[PDB]
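**Student:** Quick one: this structure, given as structure tokens, is what I'll be asking you about.
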């Protein structure tokens, strides 16, 4: 017994999936590389006697 | 002397509150209309005569 006027929208839709193929690539730490000291990750390789 | 050791302190209060009732929820008293009507009659009376 409360009188009010209502406007109602009735949605109807649905999503389907057919192709069973999909790829995901995930990227992290993007801001640090620009922010931090970035330079040649010089892999010093053992032609000074240690092996 | 009369106000020595006299303290005033607030304790409570009330509010004058009332509902708009845009949708109405209350009824209150009702009013009715009735007609009580009576009939009235016109007699006759004994006649007069001349010779």
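Where a number appears in this text, it was derived from the coordinates with a stated rule and is not lab data. Please note: Cβ atoms are built from the backbone with ideal geometry, for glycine as well, and neighbour counts cover all protein chains shown.
**Student:** Of B:28, B:39, B:5, which residue is assigned to a loop (DSSP other than H, G, I, E, B), under 30 Å from residue A:2 (Cα atoms), out of contact with any strand residue (DSSP E or B) (no Cβ under 8 Å at 6 or more places or on another chain) and free of Cβ contacts under 8 Å to residues at least 40 places away in the same chain?
**Tutor:** From the options B:28, B:39, B:5, the qualifying one is B:28.
**Student:** Can you tell me which of A:38, A:45 is under 25 Å from the mean Cα position of the chain (by Cα) and farther than 30 Å from residue B:25 by Cβ?
**Tutor:** Result: A:38 is the single residue among A:38, A:45 that is under 25 Å from the mean Cα position of the chain (by Cα) and farther than 30 Å from residue B:25 by Cβ.
**Student:** Hey, another quick one. Quick check: anything in region A:19-31 within 30 Å of the chain's Cα centre (by Cα), away from chain B (no Cβ under 14 Å) and not in a loop (DSSP other than H, G, I, E, B)? First the steps, then the outcome.
**Tutor:** From region A:19-31, those within 30 Å of the chain's Cα centre (by Cα) are A:19-31; that's our starting set.
If we keep only those that are away from chain B (no Cβ under 14 Å) too, we end up with A:19-31.
With not in a loop (DSSP other than H, G, I, E, B) added as a condition, the list becomes A:30-31.
The answer is yes, given that some residue of region A:19-31 is within 30 Å of the chain's Cα centre (by Cα), away from chain B (no Cβ under 14 Å) and not in a loop (DSSP other than H, G, I, E, B).
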